[PDB]
Amino acid sequence: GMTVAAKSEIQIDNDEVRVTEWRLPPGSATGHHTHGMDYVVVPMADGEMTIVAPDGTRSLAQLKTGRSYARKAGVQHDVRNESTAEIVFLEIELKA
Amino acid sequence: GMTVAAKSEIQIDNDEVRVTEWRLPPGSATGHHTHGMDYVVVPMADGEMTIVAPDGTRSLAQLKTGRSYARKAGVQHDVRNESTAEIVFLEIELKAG
Ligand SMILES: [Ca+2]
Ligand code: NI
Ligand code: NI
C-alpha cells in the first residue's frame, strides 16, 4: 500500500508511564487510533500535524519544540504528516 | 549570591501529572531538593549536567536530546550547570494514585 507508516520507539514502559518516540516522515500517517490512557505530548521538532477526526474533517495543529500539552483517554484520531518536515514528538502515556 | 538561580516553568499540572521545563544558565543551580514523585527526564538539548549527591561528591550526567529516562521518588540532589551551554530539560512527575 502507498501509505507511509509512522515510526515508533518505546523508550520507557514501567509502572508509571509508557513513553513512545514518534517520528512521522513527510507523507506518513499513524492511521486512526484510540487513546486508552491520559497522555502528555512533548514535541521535539517544530512542525504542523494534520489531525483527521472520525468523521473525516481535518485540522492542522502547530507543534513547537519543548512546548508540552496534555490529553485525556478517549481521544480518537488519525495523525498525518502533510508537511515537508519530519514530525517528531514523545508521547508519555499515564498509567494507573 | 554568585550562583545563578535555575529557571522553571510548570507547563502542565493536573491530578495525574506535572510537567516542568527547567532551564539552567551557565553557573546556575537548582539548589538541593528531594523528589517525592517518580519522574521522567526529557532532555531538550545535549548537555553535561552536574549532579551533587548528598555527600558533596559530583558527577556529570550526559544528557542526549530526546533520550528520556526514568527516576524514582527518593532521589536527593542539587543539579548545576558548570558548562558553557544552557541546559534544558522537561521533568515529568507522576501523582498518586
Ligand atoms: Ca512507582
Ligand atoms: Ni494519538
Ligand atoms: Ni531534581
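Both counts, for ligands and for their atoms, begin at 1 and track the order of listing. All chains are named by letter (A, B, ...) in the order of the sequence lines, taking the proteins before the strands, and each is independently numbered beginning at 1. Values below: every heavy atom of this structure, side chains too, minus hydrogens, waters and symmetry copies.
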Participant: Within this structure, what is the CG-CD distance for the pair B:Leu90 and B:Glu21, rounded to the nearest 0.5 Å?
Facilitator: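 With rounding to 0.5 Å, CG (B:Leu90) is 5.5 Å from CD (B:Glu21).
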Participant: So does A:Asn14 get a backbone contact from the side chain of A:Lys95, meaning a donor-acceptor N/O pair under 3.5 Å?
Facilitator: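 Answer holds: yes.
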Participant: Taking 2.8 Å as the limit, list every protein N, O or S atom around the Ni ion (ligand 2), by chain and residue number.
Facilitator: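 Only A:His33 NE2, A:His35 NE2, A:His77 NE2 fall inside 2.8 Å of the Ni ion (ligand 2).
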Participant: Ignoring hydrogens and angles, tell me if any N or O in the side chain of A:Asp38 forms a donor-acceptor pair with the backbone of A:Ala73 under 3.5 Å.
Facilitator: yes
Participant: Once the angle between the rings of A:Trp22 and A:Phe89 is folded into 0 to 90°, is it parallel (under 30°), tilted (30 to 60°) or perpendicular (over 60°)?
Facilitator: parallel
Participant: Report the distance from atom NE2 of B:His35 to atom CZ of B:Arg71, rounding to the nearest 0.5 Å.
Facilitator: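 Separation between the atoms: 10.0 Å.
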Participant: How many angstroms lie between atom CG of B:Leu24 and atom CD of B:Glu82, to the nearest 0.5 angstrom?
Facilitator: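 It comes to 10.0 Å.
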Participant: What residues form a salt bridge (charged side-chain N to carboxylate O under 4.0 Å, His left out) with A:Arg18, not counting sequence neighbours?
Facilitator: A:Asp13
Participant: Please report the number of protein N, O or S atoms that lie less than 3.0 Å from the Ca ion (ligand 1).
Facilitator: 3
Participant: Would you say the side-chain atoms of A:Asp78 pair up with the backbone N or O of A:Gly31, donor to acceptor, closer than 3.5 Å?
Facilitator: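 A pair under 3.5 Å: yes.
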Participant: Partners of B:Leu60 by side chain to side chain contact (heavy atoms under 4.5 Å, CB included), sequence neighbours excluded?
Facilitator: B:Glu48, B:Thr50, B:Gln62
